[PDB]
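J.: Starting from these lines, generate the structure:
(chains A and B)
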2 protein chains.
Amino acid sequence: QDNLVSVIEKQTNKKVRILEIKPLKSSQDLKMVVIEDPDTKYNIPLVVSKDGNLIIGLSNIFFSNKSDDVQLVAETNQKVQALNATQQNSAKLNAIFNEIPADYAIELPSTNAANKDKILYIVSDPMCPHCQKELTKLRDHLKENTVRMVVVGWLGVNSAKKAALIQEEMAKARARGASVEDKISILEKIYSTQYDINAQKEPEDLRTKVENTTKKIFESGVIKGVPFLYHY
Amino acid sequence: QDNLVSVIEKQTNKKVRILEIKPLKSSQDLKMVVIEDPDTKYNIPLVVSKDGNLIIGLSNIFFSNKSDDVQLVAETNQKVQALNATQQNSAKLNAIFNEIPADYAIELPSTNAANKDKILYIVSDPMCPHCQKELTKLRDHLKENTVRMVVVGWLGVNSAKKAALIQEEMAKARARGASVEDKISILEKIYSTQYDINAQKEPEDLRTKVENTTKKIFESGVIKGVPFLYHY
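T.: Numbers count the residues shown, from 1 in each chain, chains lettered A, B, ... in the order given. For reference, the structure is listed below:
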């Protein structure tokens, strides 16, 4: 219905996309319409007149003598609430990853040039055995994606210290034009359980950057643990 | 419309009261109805069919090619939101006063027996000059209301201590069957700026009761200062 779209556009400056139209037993002029907001991508359920000139948002405040309509609305509300919850979660994740300092993530381009645009974020703690296991899969992940590994100081003091050393060592590696393999070796070297962490001097500046970056990744509770993988 | 009321009753077990019915330029079958929820007393705006068999809650998600309908809905939404905000505030206040220990308030029956049922709550700090001024009006308030004076320890340590002494002294006064005048004299005695607060031994138990009671009165920020008067 162009009319409904146009009615909404004029008074919101949002051009909505129509996803679903269903009839109501309970009225002859009114139809059930779900639309997509072009900004938030939220799915929004509506009751709309035949000519598309009257548009009312649907909510839990819906009653009918027709049980089928009550049911239709219930199913619709619940379906859109599940879709919108996921959409909001994705957007929160995107915002988390966009807020990380630009030099912080270690970006390793896929071994296959065809796949360079496929972005996999991996949030990883260097004192975590599950992250150590995940690290062994990195060369395989590269075949299919470009990986942005985000090394956090999440599990304790030694995590933060290792994350700091990784930041310092990656800066030097980039400065000298190190290869993908060189960067992975740096990660394996430092992730190793036998890596003598106390035998290293810890750069103070970088530890604070690690502490701040890590705090903000885990702040909202949208990310609750590691290794956390996210296809962007 | 009995039908709408009955449709709602069957599926909510709430019998709503109809407050307002208005037509929409934008539809011939649909009317704008505001109802009162019998539990919360919240005013709820609806779009309702002619036969009262379809009922849709109104919200900000409302669009029409008819600017008058958009306006009607806007005015209606804003009016009910203002009424419901006040209703919620009253109910929060009632809950604050119902949560105060039963012996805590000092209830003084009106000097006029006709007015004994008219309840005035006065939240008052004994170290507050504005509360001291309010205290001078107490005998006049009695002519018109029964006053429940709630003496808090809100402004500092001396407030809490005086509130404690007031609690202790009111307990003794009640135990000996003291008059209204006797209780007011106790208040005036202790509210007096010249009342030597440090020359008194402070009951420990009562100070904690004062501290807890006071914290809970002021917790929500629905009551932000003293003297606070509330007709219940």
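
J.: Endpoints of stretch A:106-118, how far apart?
T.: For stretch A:106-118, the separation between the terminal residues is 15 Å (C-alpha to C-alpha, to the nearest Å).

J.: Pull the distance from that stretch to the chain's centre.
T.: 19 Å (C-alpha atoms, centre = their mean, to the nearest Å).

J.: buried sites along it?
T.: A:106, A:108, A:110 (16 or more other C-beta atoms under 10 Å in any protein chain shown). Any C-beta I mention is one placed from the backbone N, CA and C, and that applies to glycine too.

J.: ok now do the residue positioned nearest the centre of chain A, which residues does it touch?
T.: Nearest to the geometric centre of chain A sits residue A:93, at 2.9 Å (C-alpha atoms, centre = their mean). Neighbouring residues of residue A:93 by C-beta atoms under 8 Å, 6 or more residues apart in numbering or on different chains: A:222-223, A:230.

J.: ok, so of the residues you listed, who is nearest chain B?
T.: The nearest member of the contacts of residue A:93 to chain B, counting by C-beta to the nearest C-beta, is residue A:222 at 26.6 Å.

J.: Pull the contacting residues for the closest one.
T.: A:89, A:92-93, A:96 are the contacts of residue A:222 under C-beta under 8 Å, 6+ apart.

J.: Among these, which lie within helices?
T.: Among the contacts of residue A:222, DSSP state H puts A:89, A:92-93, A:96 in helices.

J.: can I get the residues you listed in TSV with distance to residue B:167?
T.: Shown next, in TSV, are the ones in helices among the contacts of residue A:222 (distance: C-beta to C-beta, whole Å):
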residue	distance to residue B:167
A:89	52
A:92	50
A:93	55
A:96	52
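
J.: Return the members of these classed as buried.
T.: Of the ones in helices among the contacts of residue A:222, these count as buried by 16+ other C-beta under 10 Å: A:93, A:96.

J.: Name the nearest of the ones in helices among the contacts of residue A:222 relative to residue A:117.
T.: residue A:93 (18.5 Å; C-beta to C-beta).

J.: Can you name the residues of chain A that neighbour chain B?
T.: Contact residues, chain A versus chain B (C-beta under 8 Å from any C-beta of the partner chain): A:3, A:7-8, A:11-12, A:24, A:26-27, A:29-30, A:44, A:46-47, A:49, A:53-66, A:69-70.

J.: Which secondary structure state is assigned to residue A:140?
T.: Following DSSP: H, G, I helix; E, B strand; the rest coil, the label given to residue A:140 is helix.

J.: what sits against it?
T.: For residue A:140, the contact set (C-beta under 8 Å, 6+ apart) is empty.

J.: Remind me what whichever helix or strand residue A:209 is part of packs against, helices and strands.
T.: Assessed by DSSP states H and E, residue A:209 sits inside helix A:204-218. Of the remaining helices and strands, those touching helix A:204-218 by 3 or more C-beta pairs under 8 Å, 6 or more residues apart in numbering or on different chains; DSSP states H and E are helix A:157-175.

J.: correct me, but residue A:125 touches residue A:150?
T.: No. Residue A:125 lies out of contact with residue A:150 (C-beta atoms under 8 Å); the separation is 10.0 Å.

J.: With neighbour numbers in mind, choose between those two.
T.: Taking other C-beta atoms under 10 Å in any protein chain shown, residue A:125 and residue A:150 do not tie; residue A:125 has more neighbours (26 against 23).

J.: Tell me how far that one lies from chain B.
T.: Distance of residue A:125 to chain B, given as C-beta to the nearest C-beta, to the nearest Å: 39 Å.

J.: For that residue, grab phi and psi.
T.: Here is the backbone geometry of residue A:125 (degrees, to the nearest 10): phi -110, psi 130.

J.: for it, what are its contacts?
T.: If you count contacts by C-beta under 8 Å, 6+ apart, residue A:125 has them with A:131, A:151-155, A:159, A:163, A:226-227.

J.: From residue A:97, how far off is it?
T.: 17 Å (C-beta to C-beta, to the nearest Å).

J.: And residue A:26, by the same measure?
T.: On the measure of C-beta to C-beta, residue A:26 and residue A:97 end up 46 Å apart.

J.: Looking at the two now, which is surrounded by more residues?
T.: Neighbour count, other C-beta under 10 Å: between residue A:26 and residue A:97, residue A:26 has more, with 24 against 18.

J.: thinking again about what came up before, only C-alpha atoms, please: export the helix holding residue A:209 in PDB.
T.: Taking Å, rounded to 0.1, in the frame of the first residue of the first chain, the C-alpha atoms of helix A:204-218 are listed here in PDB:
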ATOM      1  CA  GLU A 204      52.100   1.200  32.100                       C
ATOM      2  CA  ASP A 205      50.400   3.300  29.500                       C
ATOM      3  CA  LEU A 206      49.300   0.200  27.600                       C
ATOM      4  CA  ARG A 207      48.000  -1.600  30.700                       C
ATOM      5  CA  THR A 208      45.600   1.300  31.300                       C
ATOM      6  CA  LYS A 209      44.500   1.300  27.700                       C
ATOM      7  CA  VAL A 210      43.900  -2.500  28.100                       C
ATOM      8  CA  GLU A 211      41.900  -1.900  31.300                       C
ATOM      9  CA  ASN A 212      39.700   0.800  29.800                       C
ATOM     10  CA  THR A 213      39.100  -1.000  26.500                       C
ATOM     11  CA  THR A 214      38.200  -4.300  28.400                       C
ATOM     12  CA  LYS A 215      35.900  -2.500  30.800                       C
ATOM     13  CA  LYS A 216      33.900  -1.100  28.000                       C
ATOM     14  CA  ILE A 217      33.600  -4.300  26.000                       C
ATOM     15  CA  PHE A 218      32.100  -6.100  29.100                       C
END
